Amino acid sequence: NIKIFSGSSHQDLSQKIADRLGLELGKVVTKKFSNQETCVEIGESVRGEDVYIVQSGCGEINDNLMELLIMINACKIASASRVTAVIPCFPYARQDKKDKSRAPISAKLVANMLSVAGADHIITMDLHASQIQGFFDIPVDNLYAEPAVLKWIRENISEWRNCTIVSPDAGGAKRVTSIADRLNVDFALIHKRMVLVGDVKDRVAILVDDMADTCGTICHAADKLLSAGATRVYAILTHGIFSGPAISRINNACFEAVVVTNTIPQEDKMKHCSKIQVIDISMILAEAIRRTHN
């Protein structure tokens, strides 16, 4: 049967997942030692169980990554039948190639540390680059928020039939042209001094990318989109990291709303920013766990 465990990163999403599966949380004490070493004490048997550990790459990332690895190692030495790392926001994903001299491929390093910890399956959401599925030798589910983003647009944008949907960088063109084609609307591209390609005159601009970290690029992209004359600017990003001065920049930018999923906890950031709206996706992870559980 199923045991779902939660790490100290995003207890809310784990609770939603376990509720949707009709389970309890697997009882785990997750803290730090006096000298900041990660302390993981699982307080119930997992012998013969299919265990799922929910830990997102957010907060103090290395503590949560190491916590996840230690939970995997404990469950593996605990004679668990299978250990699955549920990672809604995959850490170190932007370091997925050697783009400069002597650079590390940190995402690949993370994939190998999960492998040697004892992970048998990975369930994640909107990988920055899909090719990260190839960093392993085990099944890696790359889930999409695209149905939930489409539904959010259709249910919240009055003028969605005549929007355009825009990318703030180059790399995000393929992500955008999908949903633009799925809504049957135009599309546009913003590149870095900032240049705009496409027609967003007298319509609604929805910026879409996989992630929003410092939000400098989407804020200057919204400013370019107002320069080109757009009745309203939205930003729908899957992972709402919001690091550093991000909140200040979205509060001063001219967005109608800024939409993210709950791959990362947003309550405290939503308290300091009124434009933020969060989507479900917890039902998408539960169905990947239940589908995985044969």
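Start at 1 with the first residue shown and count on from there.
Unmodelled stretch separating residue 192 from residue 193: 4 to 9 residues (count of deposited-sequence residues without coordinates). Taking the PDB entry as given, 250-258 carries the higher mean Cα B factor of the two stretches 250-258 and 33-41. When the mean C-alpha temperature factors of 43-51 and 228-236 are read from the deposited coordinates, 228-236 comes out higher. Note on 87, 219, 72, 138: the highest value goes to 219, judged by CA B factor as recorded.
Within the listed group 95, 164, 79, 131, the record reports its top CA B-factor for 164. The entry lists a Cα temperature factor for residue 178 that places it in the middle third of the chain's modelled residues.
Placement of the Cα temperature factor of residue 142 within the chain: middle third of the modelled residues, per the deposited record.
Annotation for residue 273: CA B-factor lies in the highest third of the chain's modelled residues. The deposited CA B-factor of residue 13 belongs to the middle third of values across its chain.
The deposited CA B-factor of residue 203 belongs to the highest third of values across its chain.
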